[PDB]
Amino acid sequence: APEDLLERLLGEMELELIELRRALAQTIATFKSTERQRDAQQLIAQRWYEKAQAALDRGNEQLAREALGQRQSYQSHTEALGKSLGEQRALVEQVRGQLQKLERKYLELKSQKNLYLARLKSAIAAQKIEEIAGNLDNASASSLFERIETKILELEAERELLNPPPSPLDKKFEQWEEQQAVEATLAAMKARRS
Amino acid sequence: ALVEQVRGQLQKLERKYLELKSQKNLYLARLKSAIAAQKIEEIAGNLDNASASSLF
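Line by line, the protein sequences give chains E and A. Residues in the first sequence are numbered consecutively from 24, following the entry's author numbering. Residues in the second sequence are numbered consecutively from 113, following the entry's author numbering.
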């Protein structure tokens, strides 16, 4: 039953299409999580930047050497995460485009599904009646009206011999006698009480 | 086009259905008459010298 498959196939398309939506959730979550680390490490440098800002305060340049030398151990992480953050931006944008385009197509197919199903129902249901009406017959009259007439013709003729009709002679006499009677007794009545 | 095309089939087919039904009763009525009214003659005009039911 191919028509049922349409429901089955499009069901699967919805079973996993939503799962794609779930997968997108994890990817976007990691983007937020990675962003949370960048500012945190930036803040640590910012905190050391405040001490570094006060490290040289009063002219204590010697101390700032260790502070600034320490911060670079954090800046390298910032750049590494900053660059990696840009890479993840493409994936979230690229993947979303697929979902948007695919989502539009799913409903588009569904619209045609009912339409073709409706045409199938009409051309299969409304079709079957004609094989019931126009059955094989001399005039395609269901093939039963023809056979029925044979039965009627048989019976009406199956017994006409059983009660033979008047022969053309005795019918001629019966008619002539009737004609005579209806014109001779009539003639008798015509002259009897003219 | 499809809605217009399909409707034409329904209209034409709908007319034909009742048309067949009218003949159905008519042929049935003729069958009943020619089968019921026929059977009496095989009861009256049975095989006889004068077809007088064969019992007289």
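All residues carry an ideal CB built from backbone N, CA and C; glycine is no exception.
Asked	Found
For the alpha helix (DSSP H) that contains residue 80 of chain E, what are its first and last residues?	Premise fails: residue 80 of chain E is in no alpha helix (DSSP H) and is neither H nor E.
Tell me whether residue 184 of chain E sits in a helix, a strand or coil according to DSSP, three-state version.	coil
Rounded to the nearest angstrom, how far is the Cβ of residue 150 of chain A from that of residue 182 of chain E, given a contact under 8 Å?	6 Å
So, at 8 Å on beta carbons, what are the nonlocal neighbours of residue 219 of chain E in its own chain, with the 5 sequence-adjacent residues on each side left out?	Here chain E has residues from 24 to 217 only, and residue 219 of chain E is not among them.
Along the alpha helix (DSSP H) that carries residue 120 of chain A, what are the first and last residues, could you check?	114-156
Report yes if the C-beta distance between residue 90 of chain E and residue 75 of chain E is below 9 Å; otherwise report no.	yes
By the criterion of Cβ-Cβ separation under 8 Å, what are the contact partners of residue 142 of chain A in chain E?	175
Buried or exposed: residue 148 of chain E, going by 16 or more other Cβ atoms within 10 Å of its Cβ?	exposed
So which residues on chain A does residue 156 of chain E lean against when the C-beta distance must stay under 9 Å?	125, 128, 129 and 132
Compute the minimum distance between the beta carbon of residue 149 of chain E and the heavy atoms of the ligand COA, and state whether it is under 8 Å.	This structure lacks the ligand COA; in fact it carries no ligand of any kind.
Does the CB of residue 147 of chain E have a neighbour CB from chain A at under 9 Å?	no
According to the neighbour-count rule (16 or more other Cβ atoms, all chains shown, within 10 Å of its Cβ), is residue 78 of chain E buried or exposed?	buried
Rounded to whole angstroms, what is the Cα-Cα separation between residue 185 of chain E and residue 126 of chain A?	45 Å
Determine the chain E residues that contact residue 153 of chain A at a beta-carbon separation under 7 Å, and present them in chain order.	182, 185 and 186
Give every residue of the same chain whose Cβ lies closer than 7 Å to the Cβ of residue 159 of chain E, excluding the five residues on either side of it in the sequence, and list them in chain order.	166
So residue 167 of chain A contacts chain E; which residues on that side make the cut at Cβ distance below 8 Å?	Simply none; closest approach about 17 Å.
Please report the residue range of the alpha helix (DSSP H) in which residue 191 of chain E lies.	191-215
Using a Cβ cut-off of 9 Å, which residues of the segment 45-67 of chain E contact any Cβ in chain A, in chain order?	none
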